[PDB]
RNA sequence: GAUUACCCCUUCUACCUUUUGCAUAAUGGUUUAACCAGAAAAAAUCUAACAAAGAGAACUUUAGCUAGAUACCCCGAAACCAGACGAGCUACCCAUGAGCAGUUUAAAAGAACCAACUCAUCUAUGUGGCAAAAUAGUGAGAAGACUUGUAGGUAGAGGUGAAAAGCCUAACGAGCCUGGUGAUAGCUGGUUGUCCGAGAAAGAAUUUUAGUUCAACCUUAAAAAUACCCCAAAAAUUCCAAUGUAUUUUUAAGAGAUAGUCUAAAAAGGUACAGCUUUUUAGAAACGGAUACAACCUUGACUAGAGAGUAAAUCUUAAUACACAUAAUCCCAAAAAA
RNA sequence: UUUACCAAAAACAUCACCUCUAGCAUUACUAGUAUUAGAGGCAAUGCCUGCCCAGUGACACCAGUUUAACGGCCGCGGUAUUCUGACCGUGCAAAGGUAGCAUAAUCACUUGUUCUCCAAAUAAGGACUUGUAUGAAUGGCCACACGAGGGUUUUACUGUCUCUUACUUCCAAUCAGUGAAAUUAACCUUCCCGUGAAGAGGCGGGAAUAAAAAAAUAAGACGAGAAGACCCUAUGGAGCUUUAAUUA
RNA sequence: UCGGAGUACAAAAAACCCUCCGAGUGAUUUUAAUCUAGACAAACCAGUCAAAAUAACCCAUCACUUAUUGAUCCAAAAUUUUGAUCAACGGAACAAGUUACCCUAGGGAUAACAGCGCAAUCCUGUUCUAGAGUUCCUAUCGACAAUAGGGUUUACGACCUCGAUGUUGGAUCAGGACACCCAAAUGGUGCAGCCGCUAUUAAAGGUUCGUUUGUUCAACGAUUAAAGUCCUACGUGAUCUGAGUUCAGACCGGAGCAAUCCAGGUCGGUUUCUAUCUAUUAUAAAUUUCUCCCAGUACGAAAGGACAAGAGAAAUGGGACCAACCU
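Chains as they are written, first to last, in my numbering: chain A, 1 to 76; chain B, 1001 to 1154.
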């Protein structure tokens, strides 16, 4: 009866795993996102899936800059 | 008046147009007399067209002009075949309707000012609609809004 | 409960099973007696023996080892297979016997009608019967492919069958008896003394949807932690002070649950239908109130007490132009407009 | 002749017709021999049984033959008042329904149209043919006689009926003797309007009512009686059939 | 099975036989060598990011950005990898139908018949007054819409019932509703009169007998004051009927290689029960019609042509009776 056909796609749970003020560790996943919602800041690495991670031990901090970019930093 | 390319999939019923009291089109502008909606509802294309025929047959010979703020319906109506069951895919589109909120101007008329003809005709139109229609002029609408605000403040 | 050494009045919708929900016009039961359905220790918890060793010549062992004590019930098929019993019923056939008035008639065991005998057309009666195939009236064959006695033959991975999926010992899509066998049943119908504490309605999969396997929960017994309600620094929430709180896990064993609904709000389908279906959020299930009635309203649940104070609720509010089908009123009667 | 025990019928059998396989021996056939035996279809008799062998089957061997073997036997366009199309053209196929029959045991539209029958005929009989979806041995068309088969029309006669009435006998009823059965949770067992899993004698509110039988009526107690024979579920069973797969 | 964009508004996730598009890969150049932390997601199993160390140099673009695959055991080019459209995609190495001859275990947790809920559909009363009716909106109609009632149609939902509520029609026996067919009381009429049309009030009574076919129907015949409609489990099978239909046979036609079927048409096909409880085993006063008389007057060119009052006959039916006739 239904001519149209489509499937369902399981969620990959995109989002931010950590928050500002939290104490993280080196190698920990910060934010999993599609394309760029935000940009990597100091002491923060970029992945192939565009997922930002922490390079060294420290504290996560969010900072907005307009020259329109959003950077995430890790302060040891 | 029919949609040029109705290849666009049928729209779901939001019901927010029935609930929402939009003051957007309530602006009186150049029109000396107009029609107001006292309730939310979907206005059929047949209603609008026969309202156009109504305002055409009732046209004042000396000076009259008809202006419709309500655009051609972008929202189709879905109905399954008679005697069928529930589900098994959506049904067939019977016709289109225009969502109408409260305060939206249905019809505005340019021309000379006579209370006798205007009130009566807009009353006939009010009888031709599923929702109560309010014949409106600037002074009456401002006085009704000021009286409603003064009665709500007390 | 009162009340008289008895009764009327007042206060209450059987039990059980199955279910989202049963006094239910869903299930089971005549009553009584009696019979009748949780018997398995590996790892573990616990009580003791000894301890780098335990244990009756066998195994384990960076506190183990040995012993004892703790948790997993019954009934039921339709059928399959094996070995045999069955043609004194019935189907066919073999051997050997017997039977089938009378009338019209040209030679005619020749034709037609009609008793016996062999069949069961129609109607009625009978319907725990006269009888688990009947009786009464009526009807067919009635020298033929006829009827019948006795002695024999053919059986189930078949026989027979003027062939209907019929018959083969009163039910044959494949007999019956015994054995395999306590076959298999994710189903349905069942599973018995007291008291105390805590206390479940949906995450993904499955030749899967009436069943299972670990999460979402829960329970027992110990330890080490801390956890939540969470404002501005920041991205309805996701995080975190403080507050007043108690808990949140970690580990060791052990469960059950996975065919549910309605209201309120936001949606989708449907017709701005449904006690409608498909999702999200929240609530939900004394015996108070709503006439009665699953969620609506009030309240969180000790026993005892001829005490008290309250919550919701109960009887009424709104009007004018010089149409369904048994007996009424939307719970009695009436009333009025703290 | 046939479903013993819901079907007795158009079904099966039957004489007859045809096709096709068997040249052979001593516990079938058969102590038989092509005029015999087995197999299949049809079914007295009467008149007939036309075309197609590309596929399957069968026989001679790779090619062909074989329809009383399994089966198959068309469409469109054009042509004379109207209509119709003897005729012609064309596509396709192995070959495109010949005789006869036909709203039929076949016809959907349908109660086809016309005629007969009747005061009225969806039935029946007789014709017409655009035969959805007849057809020549699963035979075609008729046929005297025959039929506890299936239908239609006049006459005759009737309690069938208008329209029922009376009588007789066996039961029912009474008494006495002997003394069941299924069913049954317990029953103090009313009705109406509403509610309750939506059809209440047990709930609510009104109405009605001292307590118990016998002879009768069958509305209710979703009465009694069969763990629905329809539907669906179970990785149930069994029978039957094959180019399902797998092979003693 | 998988991926993306909405349903699924400012971290996740979230269904429907909801809604749009995409894949089992396609191509161009450089080439992904060894392993140490630490995290995301996650029931199991499969998926992502990656500082840093060592050896040797000094992955990337398009198909919008991501998709574009497969867990065990078993085979092979050879000693390291290549093969299943296991697509029913968490995958029984290997397999299609029929049963109306059926049987068993089950379920109203799930269909058909009826009830119930709903009222799209169905029927009907109304609202507005454009436009017909010569003239004239509303005697009689109501373009297009709007507000409702009803629970007889067709459906939706699957709420009691599958340890059974027996499903059409007819016969029998009724009761009730009013949206009144007739009889009664009226209004308007394009109502002269007689008859009609339309609407209001009213359910007490009545609402026929036949032919064809199973009708629910429909056509037709003869009357009648009329030959109303609906509900009551589309009333009524513990009252009957089996004509229809619900299952064992015999043909035609269609479908299928076949076992066999078809919501198609012709024939045949046993219908079980003794009443336990509740309920029930009548007082009455009527109801309908035709004919005659005034009359063939008023009225009208003609055609035509009563209200009232009076009289005589029946009919249905209530309650009866046997003197005659009749059995």
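Idealized CB from N, CA, C, for every residue including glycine.
### Message
Check whether the region 1110-1122 of chain B and the region 1080-1099 of chain B touch, using three or more Cβ-Cβ pairs below 8 Å as the test.
### Response
no
### Message
Using 8 Å as the threshold, is the C-beta distance between residue 31(A) and residue 12(A) below it?
### Response
For the purposes of this step, residue 31(A) is identified with residue 31 of the first chain, where counting begins at 1. For the purposes of this step, residue 12(A) is identified with residue 12 of the first chain, where counting begins at 1. In this structure, residue 12(A) does not lie closer than 8 Å to residue 31(A) by Cβ.
### Task
Excluding the 5 residues preceding and the 5 following residue 56(A) in the sequence, name in chain order all residues of the same chain whose CB lies nearer than 8 Å to its CB.
Your numbering for residue 56(A) matches position 56 in the first chain. Excluding residues within five positions, the ones whose Cβ falls inside 8 Å are 26, 43, 74, 76.
### Message
For the beta strand (DSSP E) containing residue 1108(B), name the first residue and the last one.
### Response
The residue given as residue 1108(B) occupies position 108 in the second chain. Its beta strand (DSSP E) spans residues 1108-1111.
#### Entry: Bounding residues of the beta strand (DSSP E) (the contiguous stretch that carries residue 65(A))
Taking the first residue of the first chain as position 1, residue 65(A) is located at position 65. Its beta strand (DSSP E) spans residues 58-65.
### Message
Restricting to runs no shorter than 4 residues, where is the alpha helix (DSSP H) found entirely within the region 1052-1135 of chain B?
### Response
1115-1127
### Message
Quick check on DSSP: helix, strand or coil for residue 42(A)?
### Response
Taking the first chain and counting its residues from 1, the one referred to as residue 42(A) is at position 42. Three-state DSSP puts residue 42(A) in coil, outside helix and strand.
### Task
Kindly indicate the opening and closing residues of the alpha helix (DSSP H) around residue 1(A).
Counting from one through the first chain, the residue named residue 1(A) turns up at place 1. Element bounds for residue 1(A): n/a, residue is neither H nor E.
### Task
Using the DSSP secondary-structure output, state which residues sit across from residue 1044(B) in a beta bridge.
The residue given as residue 1044(B) occupies position 44 in the second chain. Looking at the DSSP assignment, residue 1044(B) forms a beta bridge with 1097(B).
### Query
So, helix, strand or coil for residue 26(A), using DSSP?
Against the first chain, residue 26(A) aligns to sequence position 26. In this structure, residue 26(A) counts as coil in the three-state DSSP scheme.
### Query
Of the choices 1132(B), 1137(B), 1126(B), 1134(B), whose alpha-carbon is the least far from that of residue 1050(B)?
Start at 1 with the first residue of the second chain, and residue 1050(B) comes out as number 50. Nearest option by C-alpha distance: 1126(B).
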